[PDB]
Amino acid sequence: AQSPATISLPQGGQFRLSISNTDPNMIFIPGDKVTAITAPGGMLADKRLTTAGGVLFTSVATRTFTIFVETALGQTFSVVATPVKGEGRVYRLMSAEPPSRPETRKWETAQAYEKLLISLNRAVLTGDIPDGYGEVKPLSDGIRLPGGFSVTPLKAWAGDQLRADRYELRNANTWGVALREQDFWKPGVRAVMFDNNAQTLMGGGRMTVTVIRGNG
Amino acid sequence: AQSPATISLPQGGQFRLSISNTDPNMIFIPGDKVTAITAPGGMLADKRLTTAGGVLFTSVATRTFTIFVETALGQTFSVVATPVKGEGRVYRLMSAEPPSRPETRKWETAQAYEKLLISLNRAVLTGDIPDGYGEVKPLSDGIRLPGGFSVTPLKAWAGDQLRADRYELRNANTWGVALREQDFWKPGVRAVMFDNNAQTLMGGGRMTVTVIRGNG
Amino acid sequence: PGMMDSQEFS
Amino acid sequence: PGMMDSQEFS
Amino acid sequence: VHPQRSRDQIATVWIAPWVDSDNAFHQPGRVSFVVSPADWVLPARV
Amino acid sequence: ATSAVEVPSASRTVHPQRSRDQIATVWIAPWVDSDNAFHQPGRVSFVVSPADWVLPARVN
Amino acid sequence: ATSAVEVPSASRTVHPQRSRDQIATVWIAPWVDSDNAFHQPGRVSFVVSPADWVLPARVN
Amino acid sequence: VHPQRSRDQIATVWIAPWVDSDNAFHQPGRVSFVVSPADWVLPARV
């Protein structure tokens, strides 16, 4: 039914959540696969690593403890659980700092630069994300604001080089302005694309933009 | 959510922190792999190595003691633990001065078409003629004229691609104007250089340009 | 008292 | 009565 | 009455200043490409 | 693997677009298939040249 | 492996410094990549000669 | 508007008098070298 509950969790962060002592739970990471979990303090019943890349567990205690979930790409998080009555839950993890994937390094350095930017841009536009690119938390304030605009991040994809983002531009003003692509530049942005080829908005906020940052 | 507690130590320093007896506690050095440990006085129980490289543990004692920790590169440390009630926590260890390597591999290659244009264009300026290029009669009036100028052909190269040229500019007028090198384009030009780097005109014509062309 | 019912087909 | 708990990983 | 085409779809990228691997500073630029190539429009009236 | 093609700019800011397509229609005279199946084919229309990148001579 | 180069001193105490660099810019005419990708490259600037040691003709 | 360079960094050593390994008194002198070679300055305004 619901969207999975999503959280931030920098490398080795803590987050306060609640789990159910019946109804086995699940924690899964997009872009990776969990290979270890060690959650003493409350002595969970059992652990089972699925094939998607999540981990299934269930507790029977009645007090707060800690759970250490560890990934394969050298990512380590920590969630402070609390057993409750029922209705088993599913959470999503979202590393705010992209990991390192040397396969993606050799894949990226294999080809040229401009064709690489074109590859990433078309993979963002269509939807088919390349193999080797994860999905990391969308960073705020990664672009300039030339005038009264209201940005709202949507999603981000990243690995080892050229982290890619997606934003939204809305004209909070009353008239129509000029959208020059070089206004939304910062020290670190490598490319900017306007999704619909509109030379000037009207006043309604339905314009998105893709930004290809670096050091992802 | 919560960021890890970040601290800075010298080589072999000794930091005063707090750990929790239940709820295993993690310590990890970003960029390194912990190799050893020596944690006496408390006689703590669990000692395992994660995949990130850090080490996590589980104290059982009830007083303040000392725990040492080593690194694959030799950067030893020391932390003075102090067991508390619960809610185990994660810390981060790094040194301040010793990590310093700003060396950057020059990634970002260029296209196959632009590199050869730049190579031939650089060899037409230094003087060293690349293997595979001869000399030809200057093609007549192969470049446009933006008003009161003139052209005085000198010479040209050619061979197997990119029949390069070298023409001459002469301000036949009296005052000074601006320059934008998109005015000299002709149907077939591949690249135009200005040698004497100037963005304004003076009246004296002693600067040359190098117009590259096909069928060479 | 808490184990699961996990199965894999083929 | 005074020995340590020393370990090496890999 | 003739069977026409569909208009193409393009997107123009803006390449921020970057330094070459051969040490040549490349200034901002544009590169354009097509996403959904044109195909015959299927008529709804005959 | 030769030099890439050029796009001649116009003569005295708008992003590029492709050029419109052209279509050719053929009228096939009725025939009889090898298996005795009389055909009345219609006007088949095929594309003859793909679109090419061009710069608009707008008010640049 | 021949004789090293000389630095001609000036003509009638300041420590040496290198000489300023010069830069050349090239304007590439728009082209079309082999995979149908229209390019509008900018002015590429490259270094043509490295700096060389020189003595300043100061008030020595 | 052109992309300039960065100014170099040098350090000049002062070599105190030293007798050679083949008996030849070398008197005080100077040797100079570069530490941080010049690279393109990355613009902050476009």
# chains A, B, ... in the order shown; residues from 1 in each chain; ligands from 1
>>> residues_around(residues="segment 25-38 of chain G", least_positions_apart="5", cutoff="8 Å", atoms="only C-alpha atoms", output="list in words")
residues 118, 181, 189, 190, 191, 192, 193 and 194 of chain B; 31, 32, 33 and 34 of chain E; 4, 5, 6, 7, 8 and 53 of chain F; 43, 44, 45 and 46 of chain G
>>> write_last_selection(atoms="N, CA and C atoms", output="tab-separated table (two decimals), in the first residue's frame")
chain	number	residue	atom	x	y	z
B	118	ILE	N	43.21	20.26	-32.47
B	118	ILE	CA	44.08	21.04	-31.60
B	118	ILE	C	45.54	20.67	-31.83
B	181	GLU	N	35.07	36.13	-33.66
B	181	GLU	CA	35.66	35.30	-34.70
B	181	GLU	C	34.66	34.37	-35.39
B	189	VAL	N	34.89	25.71	-43.26
B	189	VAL	CA	35.89	25.99	-42.23
B	189	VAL	C	35.70	25.06	-41.05
B	190	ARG	N	36.81	24.54	-40.53
B	190	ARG	CA	36.76	23.67	-39.36
B	190	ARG	C	37.15	24.37	-38.07
B	191	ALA	N	38.06	25.33	-38.12
B	191	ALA	CA	38.52	26.02	-36.92
B	191	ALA	C	39.28	27.28	-37.31
B	192	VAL	N	39.07	28.35	-36.55
B	192	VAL	CA	39.71	29.64	-36.80
B	192	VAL	C	40.42	30.08	-35.53
B	193	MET	N	41.71	30.40	-35.65
B	193	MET	CA	42.49	30.92	-34.54
B	193	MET	C	42.88	32.37	-34.78
B	194	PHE	N	43.01	33.12	-33.70
B	194	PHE	CA	43.65	34.43	-33.71
B	194	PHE	C	44.98	34.31	-32.97
E	31	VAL	N	25.43	20.84	-26.32
E	31	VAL	CA	25.34	19.64	-27.14
E	31	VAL	C	23.89	19.20	-27.18
E	32	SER	N	23.41	18.85	-28.37
E	32	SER	CA	22.01	18.53	-28.59
E	32	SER	C	21.87	17.11	-29.13
E	33	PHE	N	20.75	16.47	-28.80
E	33	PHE	CA	20.51	15.09	-29.18
E	33	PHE	C	19.01	14.85	-29.22
E	34	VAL	N	18.61	13.79	-29.92
E	34	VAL	CA	17.21	13.45	-30.11
E	34	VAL	C	16.85	12.29	-29.18
F	4	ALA	N	33.70	14.57	-39.09
F	4	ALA	CA	32.27	14.70	-38.91
F	4	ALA	C	31.72	15.84	-39.76
F	5	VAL	N	30.40	15.82	-39.96
F	5	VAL	CA	29.77	16.80	-40.84
F	5	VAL	C	29.57	18.11	-40.10
F	6	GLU	N	29.46	19.19	-40.87
F	6	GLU	CA	29.27	20.53	-40.33
F	6	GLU	C	27.83	20.98	-40.53
F	7	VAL	N	27.43	21.96	-39.73
F	7	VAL	CA	26.12	22.59	-39.84
F	7	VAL	C	26.33	24.06	-40.13
F	8	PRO	N	26.15	24.49	-41.38
F	8	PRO	CA	26.39	25.90	-41.72
F	8	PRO	C	25.36	26.80	-41.04
F	53	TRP	N	20.24	18.34	-38.53
F	53	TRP	CA	20.31	19.44	-37.58
F	53	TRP	C	20.48	20.77	-38.31
G	43	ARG	N	35.22	27.94	-27.29
G	43	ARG	CA	36.58	28.33	-27.63
G	43	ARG	C	37.53	27.59	-26.70
G	44	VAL	N	38.26	26.63	-27.23
G	44	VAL	CA	39.23	25.88	-26.44
G	44	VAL	C	40.56	26.62	-26.42
G	45	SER	N	41.12	26.79	-25.23
G	45	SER	CA	42.37	27.51	-25.03
G	45	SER	C	43.43	26.54	-24.53
G	46	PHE	N	44.57	26.50	-25.21
G	46	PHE	CA	45.64	25.57	-24.88
G	46	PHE	C	46.96	26.32	-24.75
>>> closest_atom_pairs(of="chain C", to="chain A", cutoff="8 Å", atoms="only C-alpha atoms", output="CSV")
residue,atom,partner,partner_atom,distance
C:2,CA,A:45,CA,5.6
C:3,CA,A:46,CA,6.4
C:4,CA,A:46,CA,7.9
>>> closest_atom_pairs(of="chain E", to="chain A", cutoff="12 Å", atoms="only C-alpha atoms", output="CSV")
residue,atom,partner,partner_atom,distance
E:8,CA,A:197,CA,11.9
E:9,CA,A:197,CA,9.0
E:10,CA,A:197,CA,7.9
E:11,CA,A:197,CA,6.8
E:12,CA,A:193,CA,6.6
E:13,CA,A:193,CA,4.9
E:14,CA,A:192,CA,5.2
E:15,CA,A:191,CA,4.7
E:16,CA,A:190,CA,4.8
E:17,CA,A:190,CA,7.2
E:18,CA,A:190,CA,7.5
E:19,CA,A:113,CA,10.9
E:20,CA,A:113,CA,9.4
E:21,CA,A:113,CA,10.1
E:26,CA,A:114,CA,11.4
E:27,CA,A:190,CA,11.3
E:28,CA,A:182,CA,8.6
E:29,CA,A:191,CA,9.5
E:30,CA,A:191,CA,9.5
E:31,CA,A:114,CA,8.0
E:32,CA,A:118,CA,8.6
E:33,CA,A:118,CA,8.0
E:34,CA,A:122,CA,9.3
E:35,CA,A:122,CA,7.4
E:36,CA,A:126,CA,9.6
>>> interface_residues(of="chain A", to="chain F", cutoff="10 Å", atoms="only C-alpha atoms", output="list in words")
residues 180, 197, 198 and 199 of chain A
>>> write_last_selection(atoms="N, CA and C atoms", output="compact mmCIF listing (two decimals), in the first residue's frame")
# COMPACT_ATOMS: atom_id res chain seq x y z
N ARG A 180 17.85 31.53 -18.63
CA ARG A 180 19.14 31.27 -19.24
C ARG A 180 19.82 30.15 -18.47
N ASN A 197 11.55 22.03 -23.66
CA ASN A 197 12.33 23.04 -24.36
C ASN A 197 11.53 24.34 -24.46
N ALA A 198 11.33 24.96 -23.31
CA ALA A 198 10.59 26.21 -23.20
C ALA A 198 11.57 27.35 -22.99
N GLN A 199 11.47 28.38 -23.82
CA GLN A 199 12.34 29.54 -23.71
C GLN A 199 11.92 30.49 -22.60
>>> select_by_dssp(residues="segment 29-111 of chain A", states="strand (DSSP E)", output="VMD selection string")
chain A and resid 34 to 38 46 to 49 54 to 58 68 to 71 78 to 80 83 to 84 90 to 92
>>> write_last_selection(atoms="N, CA and C atoms", output="short mmCIF file (atom, residue, chain, number, x, y, z; two decimals), in the first residue's frame")
data_model
loop_
_atom_site.label_atom_id
_atom_site.label_comp_id
_atom_site.auth_asym_id
_atom_site.auth_seq_id
_atom_site.Cartn_x
_atom_site.Cartn_y
_atom_site.Cartn_z
N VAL A 34 22.28 -5.91 1.35
CA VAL A 34 22.77 -6.09 2.71
C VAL A 34 23.41 -7.46 2.85
N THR A 35 24.63 -7.49 3.38
CA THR A 35 25.36 -8.74 3.54
C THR A 35 25.63 -9.10 4.99
N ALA A 36 25.28 -8.23 5.94
CA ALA A 36 25.52 -8.53 7.34
C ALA A 36 24.55 -7.74 8.20
N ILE A 37 24.19 -8.33 9.34
CA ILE A 37 23.42 -7.64 10.36
C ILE A 37 23.71 -8.27 11.71
N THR A 38 24.04 -7.44 12.70
CA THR A 38 24.38 -7.90 14.05
C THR A 38 23.72 -6.96 15.04
N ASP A 46 15.67 -14.27 14.61
CA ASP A 46 16.44 -14.80 13.49
C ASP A 46 16.62 -13.73 12.43
N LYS A 47 17.56 -13.98 11.53
CA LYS A 47 17.82 -13.10 10.40
C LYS A 47 17.85 -13.92 9.12
N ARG A 48 17.38 -13.32 8.04
CA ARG A 48 17.34 -14.01 6.75
C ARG A 48 17.56 -13.01 5.63
N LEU A 49 18.59 -13.25 4.83
CA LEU A 49 18.97 -12.35 3.75
C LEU A 49 18.27 -12.78 2.47
N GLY A 54 17.62 -7.16 0.64
CA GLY A 54 17.16 -6.77 1.95
C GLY A 54 17.49 -7.81 3.00
N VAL A 55 17.10 -7.51 4.24
CA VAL A 55 17.29 -8.42 5.36
C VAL A 55 15.98 -8.52 6.14
N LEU A 56 15.59 -9.75 6.46
CA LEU A 56 14.37 -10.02 7.21
C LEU A 56 14.73 -10.47 8.62
N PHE A 57 13.99 -9.97 9.60
CA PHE A 57 14.28 -10.25 10.99
C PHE A 57 12.97 -10.23 11.77
N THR A 58 13.06 -10.61 13.04
CA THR A 58 11.92 -10.45 13.93
C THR A 58 12.41 -10.50 15.37
N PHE A 68 22.69 -2.98 13.94
CA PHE A 68 23.75 -2.55 13.04
C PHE A 68 23.62 -3.30 11.73
N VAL A 69 23.15 -2.61 10.70
CA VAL A 69 23.00 -3.19 9.37
C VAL A 69 24.19 -2.75 8.53
N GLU A 70 24.83 -3.70 7.86
CA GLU A 70 26.04 -3.43 7.11
C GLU A 70 25.87 -3.88 5.67
N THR A 71 26.37 -3.07 4.75
CA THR A 71 26.18 -3.28 3.33
C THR A 71 27.40 -3.99 2.75
N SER A 78 22.99 2.38 11.40
CA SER A 78 22.59 1.95 12.73
C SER A 78 21.21 2.49 13.02
N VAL A 79 20.29 1.61 13.41
CA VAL A 79 18.91 1.97 13.69
C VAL A 79 18.55 1.51 15.09
N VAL A 80 17.95 2.40 15.86
CA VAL A 80 17.57 2.11 17.24
C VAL A 80 16.10 1.72 17.22
N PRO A 83 10.34 -2.48 20.00
CA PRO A 83 9.24 -3.40 19.70
C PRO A 83 7.88 -2.84 20.10
N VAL A 84 6.89 -3.06 19.23
CA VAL A 84 5.50 -2.67 19.47
C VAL A 84 4.59 -3.83 19.08
N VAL A 90 8.00 -1.95 6.76
CA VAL A 90 9.08 -1.95 5.78
C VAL A 90 9.64 -0.54 5.70
N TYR A 91 10.95 -0.41 5.88
CA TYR A 91 11.64 0.86 5.79
C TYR A 91 12.64 0.83 4.64
N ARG A 92 13.02 2.02 4.19
CA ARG A 92 14.00 2.18 3.12
C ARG A 92 15.18 2.99 3.64
#
>>> atom_distance(atom1="atom CA of residue 137 of chain B", atom2="atom CA of residue 48 of chain G")
26.6 Å
